[PDB]
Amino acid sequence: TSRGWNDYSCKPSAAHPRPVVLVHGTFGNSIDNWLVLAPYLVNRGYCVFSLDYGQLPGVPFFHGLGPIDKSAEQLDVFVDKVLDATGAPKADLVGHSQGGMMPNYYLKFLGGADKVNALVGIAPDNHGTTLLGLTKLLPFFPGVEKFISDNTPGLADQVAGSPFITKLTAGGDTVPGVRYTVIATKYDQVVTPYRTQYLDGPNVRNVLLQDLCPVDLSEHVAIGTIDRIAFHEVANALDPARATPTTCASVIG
């Protein structure tokens, strides 16, 4: 068995020798964020895995709420067990929103550089956002609204100028030996200005979704959940030597 989703017997093929760890966004979980992307990568031959992180006690479904330094520890644990089960030396990470920013904490302060070949962030808040911007996620996750406040650490830790973001971004954006891809959309309402999502460093590709397809108008949530154009670009980053140009035609299945 050499393709799968959360199949711990999966054995990365020679063509795709790194398992992929999928990292959800704020109010998300391991399943619902990835109902398109995971089978998309399964059918291209990847061993895919996705985790839950930042669970709040007695708050089911809506994760990414706990403190982000701890969420990075949960990521650390998960990646290790994916690598031990699979026998591979490194994983590739793909994350949406909080999920594309949070692994940077893991890379910088928890020894993640040694275990990660690539980090692909889809609309990552890499230099933070505002509470008001995170509020724009709420129409997509109604029913989470009663479990949160201005002080929910998962929310407050994402705010530019917070202790978390200050610490995350004191040094450089990048760490040696990791290939970074950032995919952003100019219709992003949650994390603005959108160029703050980009990473400055020598091994970074920063891609504007609209330069690949000017009429793909996906906003922050759609880009990480259903946007097949964005996912084609994810697939380019996971196997760069076999990449093909991502166009408007990549919506068609």
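Residue numbers run from 1 along the displayed sequence.
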As the entry reports it, the stretch among 241 to 249 and 20 to 28 with higher mean C-alpha B factor is 241 to 249
Entry B factor averaged over C-alpha atoms, 141 to 149 against 175 to 183: higher for 141 to 149
The largest CA temperature factor among 117, 130, 126, 71 is found at 130
Of the three thirds of the chain ranked by Cα temperature factor, residue 234 occupies the lowest
Among the modelled residues of its chain, the C-alpha B-factor of residue 108 falls in the third labelled lowest
The third of the chain into which the C-alpha temperature factor of residue 201 falls is the middle
So, residue 154's CA B-factor, relative to its chain, sits in which third? The middle
Split the chain's modelled residues into thirds by Cα B-factor; residue 47 lands in the middle
